[PDB]
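Next up, structure tokens for two forms of one chain, structure 1 and then structure 2.
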Structure 1
């Protein structure tokens, strides 16, 4: 039900005018926290987090991620010498956070990846850092020496859970706010094949069921989707296409199932799509 995620990236080759280190925070899949190596500051991204937290909160977050930036800077140099790699593109990825399931079960996660492949993963049930690759064994030796397993256990089970419950309470109005999609039905004729398209513009929340219907019957297999893609303002977009015969286009209807709609919305090409209200 409720999730807290901290997405960290350390790069050797980021690109021109782009930061090498990026740290972003998410509450229920929505961005709220942001940090980059160029700005060197932890800043809010939503109105609900900024209005409910003071400057003292963002100061503690800045110094903790500034240190994380320095630690990951060392990690890129340590792992390149360990793997005996000579230049090129190398990436260190970090994933941290906790899930508060609807039944009350708490799941904790703290794992890393080197060059897009699993490196280390903390196992909460055994209190040990699992080394996925043979090059991740000296990392486990450093962890067993320091004894970070106990300090990480109390964070994922108590600290992470406490603050996620606060963020859920702060952003309850925004996360639960439903947004109706602007639907449009289109068609393209090519080599005796009529490709019908159905686009849903700016919907919230993210889960949606957009299906094609022929003579009032669902055509799941024949329909091709592009997945749920995000918009810059926070809303989502999706498109579903179907191959049909020319002169049969009006027999097809677009069905949209969403939380903002009390009943599934039916749309046709000739009726004007979403302009039919």
Structure 2
């Protein structure tokens, strides 16, 4: 299939009250497996499958690298504040890096930054240069290119990342490949109760889902709204969809749920005769 490895990091001037200024988190197929913050200063396991499939030297090597990342991004905050001629305020440096193992067999690589939530730089592994998204990123480009990082980064994205991703997918194939059935509730609210109807799929895994409305057994996209996919504390997902109906029309509607955990689409009504 397709597997993704993602490392996201944020360095912030204002996190704030009792919260770490620097945080790094790792993702395999969208699932959190590692964490680092500037208070603990240690890389830590977040899933059962990564722990007991890795020894102490793995976490020691990860700790050292992210401690290095932390210090660079501390400096980055100072460098960019000065370059932008900013006096105080709330500022952030964000990084996203990793790789994709596409269905085709082909490999995608990413190494990119944002300053104050706007694209700053991105590595173009095709041309072996760092692309400047803004004029303030031109001195960055010149320093980074002179630093000779392209070679090692191309190598990391096309090979080391891919190899690491294969390892992790193998350690967590059972958890990543599991199926969790959602518990579904159809509800309604306002004039006698049938203005806004809601359908909620609680606790599904994996993330892909299709939640739609049927009125007298026919698909209804009209007056429908989705809240998207939202997470639960246990790694499972939640989604809520609404449709605006005429008062007294509650019994006409059904919520259709298409998910991997369901052999056939689930059809649900607001209570029984509501």
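In this text, the rigid core denotes the largest set of C-alpha atoms whose superposition between the two forms falls within 1.5 Å. Positions refer to the first chain, counted from 1.
A 2 Å or larger CA shift between structure 1 and structure 2, after fitting on the rigid core, occurs at just one of 193, 95, 127, 78, namely 193. Look at residue 246: with the core superposed, its C-alpha moves 2.6 Å between structure 1 and structure 2. Taking the core as the reference frame, the CA atom of residue 146 shifts 1.5 angstrom between structure 1 and structure 2.
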